[PDB]
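Shown here: final.csv, CSV, C-alpha atoms and all ligand atoms.
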chain,number,residue,atom,x,y,z
K,12,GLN,CA,-13.7,-15.6,11.7
K,13,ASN,CA,-10.3,-14.1,12.8
K,14,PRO,CA,-11.2,-12.8,16.3
K,15,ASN,CA,-7.7,-11.3,17.2
K,16,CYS,CA,-7.5,-9.4,13.9
K,17,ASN,CA,-4.2,-11.0,13.0
K,18,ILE,CA,-2.4,-10.8,9.7
K,19,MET,CA,-3.1,-14.1,8.0
K,20,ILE,CA,-0.7,-15.8,5.7
K,21,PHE,CA,-1.9,-17.9,2.8
K,22,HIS,CA,-0.3,-20.6,0.6
K,23,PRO,CA,-2.6,-21.0,-2.4
K,24,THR,CA,-2.3,-24.2,-4.6
K,25,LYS,CA,-1.7,-23.7,-8.3
K,26,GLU,CA,-5.4,-24.3,-9.0
K,27,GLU,CA,-6.4,-21.7,-6.3
K,28,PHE,CA,-4.0,-19.2,-7.9
K,29,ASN,CA,-6.2,-19.3,-11.1
K,30,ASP,CA,-9.1,-16.9,-10.4
K,31,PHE,CA,-7.8,-13.8,-8.5
K,32,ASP,CA,-11.3,-12.7,-7.4
K,33,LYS,CA,-12.3,-16.1,-6.1
K,34,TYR,CA,-9.3,-16.4,-3.8
K,35,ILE,CA,-9.7,-12.9,-2.5
K,36,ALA,CA,-13.2,-13.9,-1.6
K,37,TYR,CA,-12.0,-17.1,0.0
K,38,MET,CA,-9.4,-15.1,2.1
K,39,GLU,CA,-12.4,-13.1,3.3
K,40,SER,CA,-14.4,-16.2,4.3
K,41,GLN,CA,-11.5,-17.0,6.6
K,42,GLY,CA,-11.5,-13.4,7.9
K,43,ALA,CA,-8.3,-11.9,6.4
K,44,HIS,CA,-9.9,-8.4,5.9
K,45,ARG,CA,-10.4,-8.0,9.7
K,46,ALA,CA,-6.7,-7.4,9.9
K,47,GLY,CA,-6.8,-5.0,7.0
K,48,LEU,CA,-3.8,-6.9,5.4
K,49,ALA,CA,-2.8,-10.4,4.3
K,50,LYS,CA,0.3,-12.0,2.9
K,51,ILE,CA,0.0,-14.4,0.1
K,52,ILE,CA,2.9,-16.7,-0.9
K,53,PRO,CA,2.8,-17.8,-4.5
K,54,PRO,CA,3.2,-21.6,-5.4
K,55,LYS,CA,6.9,-22.7,-5.8
K,56,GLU,CA,6.7,-23.0,-9.6
K,57,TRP,CA,5.0,-19.6,-10.2
K,58,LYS,CA,7.3,-16.7,-11.5
K,59,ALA,CA,6.5,-13.1,-12.2
K,60,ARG,CA,9.1,-12.9,-15.0
K,61,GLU,CA,11.8,-15.2,-16.5
K,62,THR,CA,14.7,-13.0,-15.4
K,63,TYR,CA,15.5,-9.5,-14.1
K,64,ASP,CA,18.2,-8.7,-16.7
K,65,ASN,CA,18.4,-5.2,-18.1
K,66,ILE,CA,16.3,-3.7,-15.3
K,67,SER,CA,19.7,-1.9,-14.7
K,68,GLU,CA,19.4,0.5,-17.6
K,69,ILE,CA,15.7,1.6,-16.9
K,70,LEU,CA,14.9,5.3,-16.2
K,71,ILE,CA,13.7,6.8,-13.0
K,72,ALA,CA,12.8,10.2,-14.5
K,73,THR,CA,11.7,11.9,-11.2
K,74,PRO,CA,12.9,10.3,-8.0
K,75,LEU,CA,11.7,12.0,-4.8
K,76,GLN,CA,13.7,13.1,-1.7
K,77,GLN,CA,11.6,12.3,1.4
K,78,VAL,CA,12.2,15.0,4.1
K,79,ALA,CA,10.7,14.2,7.5
K,80,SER,CA,10.5,16.5,10.4
K,81,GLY,CA,9.4,16.0,14.0
K,82,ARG,CA,10.6,13.6,16.6
K,83,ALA,CA,9.6,11.2,19.4
K,84,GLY,CA,8.1,8.9,16.7
K,85,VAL,CA,5.9,11.7,15.1
K,86,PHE,CA,6.7,13.3,11.8
K,87,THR,CA,5.3,15.1,8.8
K,88,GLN,CA,6.9,13.9,5.6
K,89,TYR,CA,7.3,16.0,2.5
K,90,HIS,CA,8.4,15.2,-1.0
K,91,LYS,CA,11.1,17.3,-2.9
K,92,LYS,CA,12.5,16.8,-6.5
K,93,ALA,CA,15.8,15.1,-7.3
K,94,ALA,CA,17.7,14.3,-10.5
K,95,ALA,CA,16.8,11.7,-13.1
K,96,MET,CA,18.6,8.3,-12.9
K,97,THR,CA,19.0,4.7,-14.2
K,98,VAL,CA,18.1,2.0,-11.7
K,99,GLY,CA,21.8,1.0,-12.0
K,100,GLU,CA,22.7,4.4,-10.5
K,101,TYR,CA,20.0,4.2,-7.9
K,102,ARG,CA,21.1,0.7,-6.7
K,103,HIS,CA,24.6,2.1,-6.4
K,104,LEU,CA,23.5,5.3,-4.6
K,105,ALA,CA,21.4,3.2,-2.2
K,106,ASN,CA,24.4,1.1,-1.2
K,107,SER,CA,26.7,4.0,-0.7
K,108,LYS,CA,28.1,4.9,2.7
K,109,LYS,CA,25.4,7.6,3.2
K,110,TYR,CA,22.2,5.7,2.3
K,111,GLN,CA,23.1,2.1,3.0
K,112,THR,CA,21.3,0.1,5.7
K,113,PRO,CA,23.1,0.4,9.1
K,114,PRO,CA,24.6,-2.6,10.9
K,115,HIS,CA,21.8,-4.1,13.1
K,116,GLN,CA,21.5,-7.2,15.3
K,117,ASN,CA,17.8,-7.9,14.5
K,118,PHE,CA,14.6,-6.4,13.5
K,119,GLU,CA,13.9,-4.5,16.9
K,120,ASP,CA,17.3,-2.9,16.4
K,121,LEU,CA,16.6,-1.8,12.8
K,122,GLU,CA,13.1,-0.4,13.6
K,123,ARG,CA,14.5,1.5,16.6
K,124,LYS,CA,17.0,3.1,14.3
K,125,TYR,CA,14.5,4.0,11.5
K,126,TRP,CA,12.3,5.7,14.0
K,127,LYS,CA,15.0,7.4,16.0
K,128,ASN,CA,16.9,8.8,12.9
K,129,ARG,CA,14.1,9.6,10.5
K,130,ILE,CA,15.1,13.3,10.0
K,131,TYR,CA,18.7,12.5,9.0
K,132,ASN,CA,20.0,11.8,5.5
K,133,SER,CA,16.7,12.1,3.7
K,134,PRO,CA,16.4,9.1,1.5
K,135,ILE,CA,15.5,9.1,-2.2
K,136,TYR,CA,12.5,7.0,-3.3
K,137,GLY,CA,12.2,5.8,-6.9
K,138,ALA,CA,8.5,5.9,-6.5
K,139,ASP,CA,5.3,6.3,-8.6
K,140,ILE,CA,6.9,4.9,-11.8
K,141,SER,CA,4.3,3.9,-14.4
K,142,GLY,CA,5.2,0.5,-15.6
K,143,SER,CA,5.5,-3.2,-14.8
K,144,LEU,CA,8.0,-6.0,-14.5
K,145,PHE,CA,5.5,-8.8,-15.0
K,146,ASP,CA,5.8,-11.1,-18.1
K,147,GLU,CA,2.8,-11.0,-20.5
K,148,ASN,CA,2.8,-14.8,-20.2
K,149,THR,CA,2.2,-14.7,-16.5
K,150,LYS,CA,-1.5,-15.3,-16.3
K,151,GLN,CA,-1.9,-15.9,-12.5
K,152,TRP,CA,-1.7,-12.8,-10.3
K,153,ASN,CA,-0.3,-10.5,-13.0
K,154,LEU,CA,-0.8,-7.0,-11.7
K,155,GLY,CA,-1.4,-5.5,-15.1
K,156,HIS,CA,-4.4,-7.8,-15.6
K,157,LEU,CA,-6.2,-8.9,-12.4
K,158,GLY,CA,-9.7,-8.8,-14.1
K,159,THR,CA,-11.6,-7.5,-11.1
K,160,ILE,CA,-14.6,-5.2,-11.2
K,161,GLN,CA,-12.3,-2.2,-10.9
K,162,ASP,CA,-11.9,-2.7,-14.7
K,163,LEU,CA,-15.5,-1.3,-15.0
K,164,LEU,CA,-13.9,2.1,-14.6
K,165,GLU,CA,-12.0,1.9,-17.8
K,166,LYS,CA,-14.7,0.1,-20.0
K,167,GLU,CA,-17.6,2.3,-18.8
K,168,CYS,CA,-15.8,5.7,-18.7
K,169,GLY,CA,-12.5,5.5,-20.4
K,170,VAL,CA,-11.0,6.6,-17.1
K,171,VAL,CA,-7.4,5.7,-16.4
K,172,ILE,CA,-5.6,6.9,-13.3
K,173,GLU,CA,-2.0,5.9,-12.9
K,174,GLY,CA,-1.2,3.6,-10.0
K,175,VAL,CA,-4.9,3.1,-9.5
K,176,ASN,CA,-6.0,1.1,-12.6
K,177,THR,CA,-2.5,0.7,-14.1
K,178,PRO,CA,0.5,-0.4,-12.1
K,179,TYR,CA,3.2,1.6,-10.4
K,180,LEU,CA,6.9,0.5,-9.8
K,181,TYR,CA,8.7,1.4,-6.6
K,182,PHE,CA,12.5,1.4,-6.4
K,183,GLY,CA,13.3,1.6,-2.8
K,184,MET,CA,16.3,2.1,-0.5
K,185,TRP,CA,16.8,2.2,3.2
K,186,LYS,CA,14.4,4.5,5.1
K,187,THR,CA,12.2,5.2,2.1
K,188,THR,CA,8.8,5.4,3.7
K,189,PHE,CA,5.1,5.2,3.1
K,190,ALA,CA,3.0,7.4,5.4
K,191,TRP,CA,-0.2,6.4,7.1
K,192,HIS,CA,-3.0,5.9,4.5
K,193,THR,CA,-6.0,4.0,3.3
K,194,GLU,CA,-6.0,3.6,-0.5
K,195,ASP,CA,-7.7,6.0,-2.9
K,196,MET,CA,-11.6,5.6,-2.5
K,197,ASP,CA,-10.7,3.1,0.2
K,198,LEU,CA,-9.9,0.4,-2.5
K,199,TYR,CA,-8.0,-2.8,-2.0
K,200,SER,CA,-4.3,-2.7,-2.9
K,201,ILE,CA,-2.0,-5.5,-3.9
K,202,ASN,CA,1.8,-5.3,-3.8
K,203,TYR,CA,4.5,-7.6,-5.1
K,204,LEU,CA,8.1,-7.3,-4.0
K,205,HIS,CA,10.1,-8.2,-7.1
K,206,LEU,CA,13.5,-8.2,-5.6
K,207,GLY,CA,16.1,-7.1,-3.0
K,208,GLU,CA,15.6,-6.2,0.6
K,209,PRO,CA,12.4,-6.5,2.6
K,210,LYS,CA,9.6,-4.0,3.2
K,211,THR,CA,8.0,-3.6,6.7
K,212,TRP,CA,4.3,-2.9,7.0
K,213,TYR,CA,2.3,-1.6,9.9
K,214,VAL,CA,-1.5,-2.1,9.7
K,215,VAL,CA,-4.5,-0.9,11.7
K,216,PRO,CA,-7.6,-3.1,11.6
K,217,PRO,CA,-10.5,-1.4,9.7
K,218,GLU,CA,-12.6,-1.7,12.9
K,219,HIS,CA,-10.3,0.7,14.6
K,220,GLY,CA,-9.3,3.1,11.7
K,221,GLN,CA,-11.3,5.8,13.4
K,222,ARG,CA,-9.2,5.6,16.5
K,223,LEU,CA,-6.2,6.2,14.3
K,224,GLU,CA,-8.0,9.2,12.7
K,225,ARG,CA,-8.9,10.6,16.2
K,226,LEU,CA,-5.2,10.2,17.3
K,227,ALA,CA,-3.7,11.9,14.2
K,228,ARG,CA,-5.9,14.9,14.9
K,229,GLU,CA,-4.2,15.2,18.3
K,230,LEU,CA,-0.7,14.8,16.9
K,231,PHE,CA,-1.2,17.2,14.1
K,232,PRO,CA,-3.5,19.8,15.5
K,233,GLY,CA,-4.8,22.4,13.0
K,234,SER,CA,-6.0,20.0,10.3
K,238,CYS,CA,-8.9,18.8,5.4
K,239,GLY,CA,-11.4,17.3,7.8
K,240,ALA,CA,-9.7,14.1,6.4
K,241,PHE,CA,-6.1,14.8,7.1
K,242,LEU,CA,-4.7,11.4,6.4
K,243,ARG,CA,-5.6,11.6,2.7
K,244,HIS,CA,-2.6,14.0,2.4
K,245,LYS,CA,-0.4,10.9,3.2
K,246,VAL,CA,2.0,13.1,5.2
K,247,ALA,CA,1.9,11.6,8.6
K,248,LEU,CA,4.5,9.3,10.1
K,249,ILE,CA,3.7,7.6,13.4
K,250,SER,CA,5.7,5.0,15.1
K,251,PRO,CA,4.4,1.8,16.8
K,252,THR,CA,5.6,3.1,20.2
K,253,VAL,CA,3.3,6.0,19.8
K,254,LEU,CA,0.5,3.6,18.7
K,255,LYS,CA,1.0,1.4,21.8
K,256,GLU,CA,1.2,4.5,24.0
K,257,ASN,CA,-2.2,5.5,22.8
K,258,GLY,CA,-3.9,2.1,22.7
K,259,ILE,CA,-4.3,1.8,18.9
K,260,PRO,CA,-4.4,-1.9,17.9
K,261,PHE,CA,-2.0,-2.7,15.1
K,262,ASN,CA,0.1,-5.4,13.6
K,263,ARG,CA,3.5,-5.4,12.0
K,264,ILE,CA,4.6,-7.7,9.2
K,265,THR,CA,7.8,-7.7,7.1
K,266,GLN,CA,7.4,-8.7,3.4
K,267,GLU,CA,10.2,-10.6,1.7
K,268,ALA,CA,11.1,-10.7,-2.0
K,269,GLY,CA,8.7,-13.0,-3.9
K,270,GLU,CA,5.8,-12.3,-1.6
K,271,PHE,CA,2.4,-10.5,-2.1
K,272,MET,CA,0.7,-8.3,0.3
K,273,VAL,CA,-3.0,-7.3,-0.1
K,274,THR,CA,-4.4,-4.4,1.9
K,275,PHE,CA,-8.2,-4.4,2.3
K,276,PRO,CA,-10.7,-1.5,2.1
K,277,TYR,CA,-10.2,1.0,4.9
K,278,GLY,CA,-7.1,-0.7,6.3
K,279,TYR,CA,-4.7,2.0,7.4
K,280,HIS,CA,-1.1,1.1,6.6
K,281,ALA,CA,2.4,2.5,6.5
K,282,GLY,CA,5.9,1.2,6.5
K,283,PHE,CA,9.4,1.4,5.2
K,284,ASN,CA,12.0,-0.3,3.1
K,285,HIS,CA,15.0,-2.1,4.7
K,286,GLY,CA,17.3,-1.3,1.7
K,287,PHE,CA,17.5,-1.4,-2.0
K,288,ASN,CA,14.4,-3.1,-3.5
K,289,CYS,CA,11.9,-3.1,-6.2
K,290,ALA,CA,8.1,-3.4,-5.7
K,291,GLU,CA,5.0,-3.3,-7.9
K,292,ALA,CA,1.5,-2.3,-6.9
K,293,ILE,CA,-1.9,-1.5,-8.1
K,294,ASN,CA,-5.4,-1.0,-6.5
K,295,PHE,CA,-8.3,-3.3,-7.3
K,296,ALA,CA,-12.0,-3.8,-6.3
K,297,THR,CA,-14.6,-6.4,-5.5
K,298,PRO,CA,-18.4,-6.1,-5.1
K,299,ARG,CA,-17.7,-5.8,-1.3
K,300,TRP,CA,-15.7,-2.6,-1.8
K,301,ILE,CA,-18.5,-0.7,-3.5
K,302,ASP,CA,-20.1,0.3,-0.2
K,303,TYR,CA,-16.8,1.6,1.1
K,304,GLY,CA,-16.3,3.5,-2.1
K,305,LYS,CA,-19.6,5.3,-1.6
K,306,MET,CA,-18.6,5.9,2.0
K,307,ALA,CA,-15.0,7.0,1.5
K,308,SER,CA,-14.4,10.2,3.3
K,309,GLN,CA,-12.8,12.8,1.0
K,310,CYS,CA,-10.5,15.6,1.7
K,311,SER,CA,-12.4,18.9,2.0
K,312,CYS,CA,-9.5,21.4,1.8
K,313,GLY,CA,-8.5,20.5,-1.8
K,314,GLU,CA,-5.0,19.3,-0.9
K,315,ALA,CA,-5.9,15.6,-1.8
K,316,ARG,CA,-7.9,14.3,-4.8
K,317,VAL,CA,-11.4,12.9,-5.0
K,318,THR,CA,-10.1,10.2,-7.3
K,319,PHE,CA,-13.3,9.3,-9.2
K,320,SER,CA,-17.1,8.9,-9.4
K,321,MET,CA,-18.8,5.9,-7.9
K,322,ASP,CA,-21.6,6.4,-10.4
K,323,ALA,CA,-21.0,3.6,-12.9
K,324,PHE,CA,-20.3,1.1,-10.1
K,325,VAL,CA,-23.6,1.7,-8.4
K,326,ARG,CA,-25.5,2.0,-11.6
K,327,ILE,CA,-24.3,-1.3,-13.1
K,328,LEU,CA,-23.5,-3.4,-10.0
K,329,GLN,CA,-26.1,-2.2,-7.5
K,330,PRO,CA,-29.0,-1.3,-9.9
K,331,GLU,CA,-31.6,-1.9,-7.2
K,332,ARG,CA,-30.1,0.7,-4.9
K,333,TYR,CA,-29.2,3.3,-7.6
K,334,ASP,CA,-32.1,5.7,-7.4
K,335,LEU,CA,-31.7,5.7,-3.7
K,336,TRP,CA,-28.0,6.5,-4.0
K,337,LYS,CA,-28.7,9.4,-6.4
K,338,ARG,CA,-31.1,11.1,-3.9
K,339,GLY,CA,-28.1,11.2,-1.6
K,340,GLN,CA,-26.5,13.7,-4.0
K,341,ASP,CA,-27.7,16.7,-6.1
S,401,NI,NI,-1.0,1.6,0.1
S,402,ZN,ZN,-7.3,18.0,2.9

Would you put the structure from the file into structure tokens?
Amino acid sequence: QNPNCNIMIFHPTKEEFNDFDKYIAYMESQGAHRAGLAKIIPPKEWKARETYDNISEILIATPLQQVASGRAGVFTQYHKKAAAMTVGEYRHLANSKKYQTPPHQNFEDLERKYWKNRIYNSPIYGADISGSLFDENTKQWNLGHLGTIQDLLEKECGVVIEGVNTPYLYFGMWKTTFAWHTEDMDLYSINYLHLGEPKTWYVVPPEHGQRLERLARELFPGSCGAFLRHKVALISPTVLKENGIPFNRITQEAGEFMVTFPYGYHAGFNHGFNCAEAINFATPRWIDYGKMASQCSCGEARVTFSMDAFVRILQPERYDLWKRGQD
């Protein structure tokens, strides 16, 4: 299935939108994971929340200034602190003359601009906010409550990691950026754009993630032995074509879901003011990637959690063998 590793787009029926797990698995029987990313479009009736009133007076306690440096499509990005603000103020700042989305004829134009001018006017990302905009009544694809095996982490261990097993909110503006990464422990991620302007994703198929690693070692020489876990690298598509790294690019509109799959390297940016919600999740398929996830050796990035419970409970036949691989 899916021989060209293309980003597949699904339009589940209402019935198919009932069991989250079961549809993930169906997307995989059609080969979605081979691209490392898929778009899902919710049924017409489905809604995340009745209305987005009073999201104005919500508090972004610690927004981040994203300072890039480098050029010719290759940058390290670093995060610096900036003042607290309401979303009202952020919306307003993100539409001001300094941060607003530049005039552009089409996508190719916008992209050219983002990658040419990255180091200027460092944008402020309202990122990593612990919360959710989903209605409790929303029972299909509600990111607070997916009901996947990732929940084994909290029931077995009492282990809660923010943005991993509880959701994060992302208030974006033009040029706000996510560096090249696979998710923590190479988990799946799912992201819902709640509102506003689009988000662009670039994605490398899992089959080739190593090529991407290999390349990042040349572009940032002197580098854990798993550099990309720092999530500091920006690399433009031109630079990927130049070096023969397969990738795809897709632009997410408001109202749409993206799911990244284990070991699917991805990065991208926002086109303007927007608000996104995301969480990680897991399936039985992920366990083996979990146990395999290459961790940062220098300390700069976290070994997020222990695979122990997952193997013990869900792979009981292989558990003894897995322990002997340890200490
Ligand atoms: Ni991600
Ligand atoms: Zn490291």

Fill in: Proximity to residue 49 of chain K - best of K:77, K:262, K:67, K:193, all atoms listed in the file
K:262

Item to complete: Show me which residues sit within 7 Å of ligand ZN 402 (chain S) when counting all atoms listed in the file, and put them as JSON, numbers by chain.
Response: {"K": [238, 239, 240, 241, 243, 244, 310, 311, 312, 313, 314, 315]}

Using only C-alpha atoms and all ligand atoms, which residues of chain K come within 8 Å of ligand NI 401 (chain S), and what is the closest atom pair for each, with the distance in Å to one decimal? Give it as JSON lines, sorted by chain and residue number.
{"residue": "K:189", "atom": "CA", "partner": "S:NI401", "partner_atom": "NI", "distance": 7.7}
{"residue": "K:192", "atom": "CA", "partner": "S:NI401", "partner_atom": "NI", "distance": 6.5}
{"residue": "K:193", "atom": "CA", "partner": "S:NI401", "partner_atom": "NI", "distance": 6.4}
{"residue": "K:194", "atom": "CA", "partner": "S:NI401", "partner_atom": "NI", "distance": 5.4}
{"residue": "K:200", "atom": "CA", "partner": "S:NI401", "partner_atom": "NI", "distance": 6.2}
{"residue": "K:274", "atom": "CA", "partner": "S:NI401", "partner_atom": "NI", "distance": 7.1}
{"residue": "K:280", "atom": "CA", "partner": "S:NI401", "partner_atom": "NI", "distance": 6.5}
{"residue": "K:281", "atom": "CA", "partner": "S:NI401", "partner_atom": "NI", "distance": 7.3}

Would you kindly return, as an mmCIF file with C-alpha atoms, keeping the file's coordinate frame, each protein, DNA or RNA residue with an atom no farther than 12 Å from any atom of residue 299 of chain K, considering all atoms listed in the file and excluding same-chain residues fewer than 4 positions away?
data_model
loop_
_atom_site.group_PDB
_atom_site.id
_atom_site.type_symbol
_atom_site.label_atom_id
_atom_site.label_comp_id
_atom_site.auth_asym_id
_atom_site.auth_seq_id
_atom_site.Cartn_x
_atom_site.Cartn_y
_atom_site.Cartn_z
ATOM 1 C CA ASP K 32 -11.300 -12.700 -7.400
ATOM 2 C CA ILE K 35 -9.700 -12.900 -2.500
ATOM 3 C CA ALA K 36 -13.200 -13.900 -1.600
ATOM 4 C CA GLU K 39 -12.400 -13.100 3.300
ATOM 5 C CA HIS K 44 -9.900 -8.400 5.900
ATOM 6 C CA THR K 159 -11.600 -7.500 -11.100
ATOM 7 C CA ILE K 160 -14.600 -5.200 -11.200
ATOM 8 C CA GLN K 161 -12.300 -2.200 -10.900
ATOM 9 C CA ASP K 197 -10.700 3.100 0.200
ATOM 10 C CA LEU K 198 -9.900 0.400 -2.500
ATOM 11 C CA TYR K 199 -8.000 -2.800 -2.000
ATOM 12 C CA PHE K 275 -8.200 -4.400 2.300
ATOM 13 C CA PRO K 276 -10.700 -1.500 2.100
ATOM 14 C CA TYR K 277 -10.200 1.000 4.900
ATOM 15 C CA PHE K 295 -8.300 -3.300 -7.300
ATOM 16 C CA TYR K 303 -16.800 1.600 1.100
ATOM 17 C CA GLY K 304 -16.300 3.500 -2.100
ATOM 18 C CA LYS K 305 -19.600 5.300 -1.600
ATOM 19 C CA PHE K 324 -20.300 1.100 -10.100
ATOM 20 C CA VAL K 325 -23.600 1.700 -8.400
ATOM 21 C CA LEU K 328 -23.500 -3.400 -10.000
ATOM 22 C CA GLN K 329 -26.100 -2.200 -7.500
#

Worksheet item: Quick one, how far is atom CA of residue 249 of chain K from atom CA of residue 101 of chain K?
Response: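 Value for the atom CA of residue 249 of chain K-atom CA of residue 101 of chain K distance: 27.0 Å.
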
Practice prompt. Within 8 Å of residue 268 of chain K, counting only C-alpha atoms, which residues show up once you throw out same-chain ones fewer than 5 positions away? Write them as a PyMOL selection string, please.
Written response: chain K and resi 203-209

Worksheet item: Which one is closest to residue 289 of chain K: K:180, K:306, K:157, K:104? Count only C-alpha atoms.
Response: K:180

Worksheet entry | From K:81, K:298, K:134, K:282, residue lying nearest residue 107 of chain K [only C-alpha atoms] | K:134

Response to the item:
Residue with the minimum atom-to-atom distance to residue 253 of chain K, picked from K:190, K:301, K:223, K:70 with all atoms listed in the file counted, is K:223

Fill in: Spatial neighbours of residue 139 of chain K, max dist 12 Å, only C-alpha atoms, sep filter under 5 positions, as a PyMOL selection string
chain K and resi 71-75+172-175+177-183+189+289-293

Item to complete: Counting only C-alpha atoms, figure out which residue out of K:269, K:260, K:286, K:53 gets nearest to residue 113 of chain K.
Response: K:286

Worksheet, complete the sentence: Expressed in Å, the length from atom CA of residue 61 of chain K to atom CA of residue 153 of chain K is 13.4 Å

Worksheet item: Quick one: of K:228, K:115, K:50, K:129, who's nearest to residue 265 of chain K, counting all atoms listed in the file?
Response: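 Using all atoms listed in the file, the shortest distance to residue 265 of chain K belongs to K:50.
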
Practice prompt. Enumerate, as a ChimeraX atom specification, the protein, DNA and RNA residues whose atoms approach (11.5, 13.7, -2.3) to within 9 Å, taking into account all atoms listed in the file and the coordinate frame of the file.
Written response: /K:74-78,89-93,133-136

Could you list, with a cut-off of 12 Å and counting all atoms listed in the file, the residues of segment 230-329 of chain K near segment 22-31 of chain K, each shown with its nearest atom pair and the distance in Å rounded to one decimal, rows sorted by chain and ascending number, as a Markdown table?
| residue | atom | partner | partner_atom | distance |
| --- | --- | --- | --- | --- |
| K:270 | CA | K:22 | CA | 10.5 |
| K:271 | CA | K:22 | CA | 10.8 |
| K:273 | CA | K:31 | CA | 11.7 |
| K:295 | CA | K:31 | CA | 10.6 |
| K:296 | CA | K:31 | CA | 11.1 |
| K:297 | CA | K:31 | CA | 10.5 |

Fill in: Separation of atom CA of residue 252 of chain K from atom CA of residue 43 of chain K, in Å and rounded to one decimal
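Here the two named atoms are 24.7 Å from each other.
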